Amino acid sequence: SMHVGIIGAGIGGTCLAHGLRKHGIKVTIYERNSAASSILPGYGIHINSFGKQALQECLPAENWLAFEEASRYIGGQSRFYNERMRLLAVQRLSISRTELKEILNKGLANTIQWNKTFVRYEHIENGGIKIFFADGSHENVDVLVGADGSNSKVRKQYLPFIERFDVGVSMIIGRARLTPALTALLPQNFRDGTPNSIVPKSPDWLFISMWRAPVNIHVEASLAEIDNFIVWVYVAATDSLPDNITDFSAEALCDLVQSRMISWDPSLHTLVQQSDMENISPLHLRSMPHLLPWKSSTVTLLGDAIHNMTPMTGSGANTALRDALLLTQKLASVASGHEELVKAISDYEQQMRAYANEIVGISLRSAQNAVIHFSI
Ligand SMILES: Cc1cc2nc3c(=O)[nH]c(=O)nc-3n(C[C@H](O)[C@H](O)[C@H](O)COP(=O)(O)OP(=O)(O)OC[C@H]3O[C@@H](n4cnc5c(N)ncnc54)[C@H](O)[C@@H]3O)c2cc1C
């Protein structure tokens with residue numbers, strides 16, 4: 001009878017809705033986008049053990065089998081080189097974001113309410129929460145979950161004092177299709193599925209890995225053509241890049257990274273030169289301070305809404321999935337008669353803060369290490 005309203009049909013929100021349905025809980029998702037996107041995401045997601053367990057425990061079996069079918073293994077043995085190809089030091093599931101979303105959306109056609117942009121909520125005096133949308137509509141629910149991403153309006157209303165800070169580190173991310181030709185022109189360590197890190201003398205870094213991703217981002221999702229892409233990530237101090245790097249053309253971003261790699265091994269140049277000019281992304285890294293407890297209520301948050309101020313390279317998808325499994329389990333304990341609602345929400349929030357804080361800390365140190373090189 002408790003009706004859970006979720007803002008956002010992203011990774012976390014869809015996983016959550018599957019989980020709640022499994023436990024017999026009434027659930028609706030309100031999503032700002034239309035059911036058919038115009039552009040596909042150009043990137044891949046690597047699923048770790050937390051993400052994998054969340055998917056297997058929440059998804060209907062037919063969705064889980066589709067996930068197993070679409071994913072591929074991506075490797076361990078991460079290698080470290082200097083910038084002159086000298087080796088310094090030496091199992092996840094890889095899937096495209098577009099496939100993962102199609103799999104997550106399957107079975108939710110009559111759960112997801114499309115074109116519903118959350119604007120605010122109000123507590124109703126009888127208990128319950130009134131949700132207002134940008135088109136002027138409203139709905140009433142018993143529990144509100146903000147799964148609405150890094151700039152979550154739900155979080156901004158519920159926990160207004162949580163503020164992001166600039167890390168002082170920025171990155172430029174590109175992809176290159178592993179075509180027959182490119183495969184011939186790159187050494188095997190670029191294509192074998194083990195990630196590589198290039199550690200130069202300069203205060204910056206180049207990370208190399210692989211994504212499964214669509215060749216053409218301008219087709220319907222069900223028609224996406226999925227291939228292997230090398231992904232590269234150039235990491236440096238924000239102050240070492242142009243003030244307006246985020247407004248640079250793809251061509252200027254490419255030029256800039258090549259300028260930073262003068263003298264580095266030619267294979268690294270070949271990779272960057274052969275990258276896709278429609279999918280090069282500059283990003284300024286932002287983080288948040290340690291999450292302190294807050295008083296629990298029938299409004300809560302999951303995913304990037306509470307974990308990641310930057311939608312970035314990292315483990316955001318996995319953490320969003322982890323949250324969804326956890327919140328499913330806690331809301332199920334209320335449905336099944338074992339715990340009070342707000343107490344169960346509190347338990348979720350306390351556990352989530354513990355791993356959230358740990359992960360944020362790890363991410364921050366990793367970013368700093370790209371510039372300082374204290375780990376060598
Ligand atoms: C290039 C790239 C590579 C990545 N690779 C990885 C990886 O390998 N592994 C990993 O674990 N993570 C990875 N991530 C991170 C991962 O994609 C995100 O952390 C993850 O999407 C977060 O899930 P979420 O459900 O919290 O938010 P999202 O998946 O962003 O979903 C938020 C949803 O809320 C909707 N929404 C927003 N505002 C409103 C509103 N006002 N009203 C209604 N709906 C709203 C959005 O439209 C969206 O559907 C990567 C990210 C990027 C950008």
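Remember, it's 1-based here, ligands and their atoms both numbered in the order they're listed. Counting from 1, the numbers follow the sequence of the chain as shown.
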Original post:
Minimum heavy-atom separation for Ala367 to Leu285, with atom names?
Top reply: CB-CD1, 3.8 Å
**OP:** Check each of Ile7, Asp304, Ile29 against atom 22 (C) of ligand 1 and report the one with the nearest heavy atom.
**Re:** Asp304
Original post:
Short question: side chain of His18, backbone of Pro60 - any donor-acceptor pair under 3.5 Å?
Top reply: no
**OP:** Using a strict 4.0 Å cut-off to heavy atoms of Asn33, name the atoms of ligand 1 that fall inside it.
**Re:** 47 (O)
**OP:** Compute the minimum heavy-atom distance from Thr313 to ligand 1 and say whether it is under 4.0 Å.
**Re:** no
**OP:** Check ligand 1 against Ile11 and write out every atom of the ligand that is under 4.0 Å from a heavy-atom position of the residue.
**Re:** 21 (O), 23 (O), 25 (O), 29 (O)
Subject >> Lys22 side chain to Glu57 backbone, donor-acceptor under 3.5 Å >> reply: yes
Subject >> Side-chain (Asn196) to main-chain (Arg79) donor-acceptor, under 3.5 angstrom >> reply: no
Subject >> Closest protein heavy atom to atom 8 (O) of ligand 1, given as residue, atom name and distance to 0.1 Å >> reply: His46 N, 2.8 Å
Original post:
At what distance is the nearest protein heavy atom to atom 40 (C) of ligand 1, and which residue and atom is it?
Top reply: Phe118 N, 3.7 Å
Subject >> NE2/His138: more than 12 non-hydrogen atoms of other groups inside 6.0 Å >> reply: no
Original post:
For atom 5 (N) of ligand 1, which protein heavy atom lies nearest, and how many Å away is it?
Top reply: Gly44 O, 3.4 Å
**OP:** Would you check the N or O atoms of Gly12, main chain and side chain alike, for any that come under 3.5 Å of an N or O of ligand 1?
**Re:** yes
**OP:** Classify the contact between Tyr30 and ligand 1 as side chain, backbone, both or neither, using a heavy-atom distance cut-off of under 4.0 Å.
**Re:** backbone
Original post:
Hey, are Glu139 and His3 close enough side-chain-wise for a donor-acceptor pair under 3.5 Å?
Top reply: no
**OP:** Report the member of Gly13, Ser37, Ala147 with the shortest heavy-atom distance to atom 33 (C) of ligand 1.
**Re:** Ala147
Subject >> Test: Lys153 cationic atom under 6.0 Å from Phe118 six-membered ring centre, within 45° of axis >> reply: no
Subject >> Sidechain-backbone polar pair: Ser366 side chain, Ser363 backbone, donor-acceptor under 3.5 Å >> reply: no
**OP:** Specify the protein heavy atom at minimum distance from atom 46 (C) of ligand 1: its residue, its atom name, and the distance to 0.1 Å.
**Re:** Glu31 OE2, 3.5 Å
**OP:** Before signing off on this row, confirm whether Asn308 and ligand 1 have an N or O atom pair separated by under 3.5 Å.
**Re:** no
Original post:
Going by the order shown, which atoms of ligand 1 are within less than 4.0 Å of some heavy atom of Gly303?
Top reply: 26 (O)
Original post:
Strictly by modelled atom types, are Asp276 and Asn279 linked by a side-chain donor-acceptor pair under 3.5 Å?
Top reply: yes
Original post:
Under 3.5 Å, is there a donor-acceptor pair between the side chain of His46 and the main chain of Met210?
Top reply: yes
Subject >> ligand 1 to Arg32 polar contact by distance, N or O atoms, under 3.5 Å >> reply: yes
Original post:
Does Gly314, backbone or side chain, put an N or O under 3.5 Å from an N or O of ligand 1?
Top reply: yes
**OP:** Starting from atom 37 (C) of ligand 1, locate the nearest protein heavy atom and write down its residue, its atom name and how far away it is, to 0.1 Å.
**Re:** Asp148 O, 3.1 Å
**OP:** Check whether any N or O atom of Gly149, backbone or side chain, sits under 3.5 Å from an N or O atom of ligand 1, and answer yes or no.
**Re:** no
Original post:
Out of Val145, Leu321, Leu326, which one pairs with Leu16 under the side-chain contact (heavy atoms from CB on, under 4.5 Å) rule?
Top reply: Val145
**OP:** Can you pull out the closest protein heavy atom to atom 52 (C) of ligand 1? Residue, atom name and distance to 0.1 Å, please.
**Re:** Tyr43 CE1, 3.5 Å
Original post:
Counting both backbone and side chain atoms, is some N or O of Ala317 under 3.5 Å from an N or O of ligand 1?
Top reply: yes
**OP:** Mind jotting down which residue pairs meet the ring-ring contact (aromatic ring centres under 6.0 Å, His included) criterion with at least one end in residues 56-87? Sequence neighbours excluded, please.
**Re:** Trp64-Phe67
**OP:** Show the numbers, then the answer: is there a salt bridge (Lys or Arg N to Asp or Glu O under 4.0 Å) between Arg177 and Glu225?
**Re:** CA-CA 12 Å; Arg177 186 172 178 195; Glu225 179 186 355; 3.6 Å; yes
Original post:
Should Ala320 be counted as touching ligand 1, given the test is an N or O pair under 3.5 Å?
Top reply: no
Subject >> Close N or O approach (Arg97, ligand 1; < 3.5 Å) >> reply: yes
Subject >> Part of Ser150 with heavy atoms under 4.0 Å of ligand 1, whether side chain, backbone, both or neither >> reply: neither
Original post:
Taking the six-membered ring of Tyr43, is NZ or CZ of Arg97 closer than 6.0 Å to its centre and within 45° of its axis?
Top reply: no
Subject >> Closest protein heavy atom to atom 31 (O) of ligand 1, given as residue, atom name and distance to 0.1 Å >> reply: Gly10 CA, 3.2 Å
Original post:
For ligand 1, which atoms, with element, lie under 4.0 Å from some heavy atom of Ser315?
Top reply: 10 (C), 11 (O), 12 (N)
Original post:
Which ligand 1 atoms does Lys116 reach within 4.0 Å, using its non-hydrogen atoms?
Top reply: 42 (N), 43 (C)
**OP:** Evaluate the salt bridge (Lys or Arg N to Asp or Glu O under 4.0 Å) criterion for residues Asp166 and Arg286: first the C-alpha distance (whole Å), next the side-chain angles of each, then the deciding distance (0.1 Å), finally the verdict.
**Re:** CA-CA 5 Å; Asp166 292 323; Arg286 294 178 187 91; 3.2 Å; yes
Original post:
Just which atoms of ligand 1 are under 4.0 Å from any heavy atom in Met312?
Top reply: 4 (C), 14 (N), 15 (C), 50 (C), 51 (C), 52 (C)
